[PDB]
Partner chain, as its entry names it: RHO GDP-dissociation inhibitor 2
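Next up: a single chain in structure tokens, the form deposited without its partner chain.
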């Protein structure tokens, strides 16, 4: 089974790390590739063999017109936001969900909270407070998920890989089907 999955969301939520941490089981953080690319993984899910094509995106505003060229024939989207970036969570509803739905009205969405590992980091919570902000909590992401009617809400870390595999199994599970 060939499944095409597109990953959207604000620059720097960790889309490229998520894809590479997934396909290769190692985290770039140190050396992140800047050429926007597509990747591949052969996965077994509920006894069915799957070839999953993962398509990265340029979330920059400069790419508003060209980004949707990679949307045709997509089987499932991950809309991603950083659990340590409220601005990114805001943009799911202000920008990403509306753009996905504009081009692909019926394609399933998985809502993904990323950098799960920084949610307890001290220096991180601290910096967030200096802006009168705080990490997105599980209940908050679940609510956004319900707002936008995504098939699942899932948290992960590319750095630790916690929950990373489930993100992709549910992606696959959402195509073929509820």
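Residue numbers count along the first chain shown, from 1.
Same protein, other form: the form solved in complex with its partner chain, not shown, and the subject of what follows.
> In the deposited bound form, which of the stretches 51-59, 119-127, 134-142, 22-30 has residues with heavy atoms within 4.5 Å of its partner chain?
So the stretch in question is 51-59.
> Quick one: does residue 149 come within 4.5 Å of its partner chain in the deposited bound form, counting heavy atoms only?
Answer no; every heavy atom of residue 149 is more than 4.5 Å from its partner chain in the deposited bound form.
> Is there a non-hydrogen atom of residue 63 within 4.5 angstroms of a non-hydrogen atom of its partner chain in the deposited bound form?
Residue 63: contacts its partner chain in the deposited bound form.
> At 4.5 Å between heavy atoms, is residue 69 in contact with its partner chain in the deposited bound form?
Residue 69 belongs to the contact set for its partner chain.
> Can residue 46 be called a contact residue for its partner chain in the deposited bound form at 4.5 Å between heavy atoms?
It does not: once its partner chain is placed as it appears in the deposited bound form, residue 46 has no heavy atom within 4.5 Å of it.
> Output the sequence-ordered list of residues from 32-50 with at least one heavy atom within 4.5 Å of its partner chain in the deposited bound form.
Stretch hits, in order: 33, 34, 35, 37, 38.
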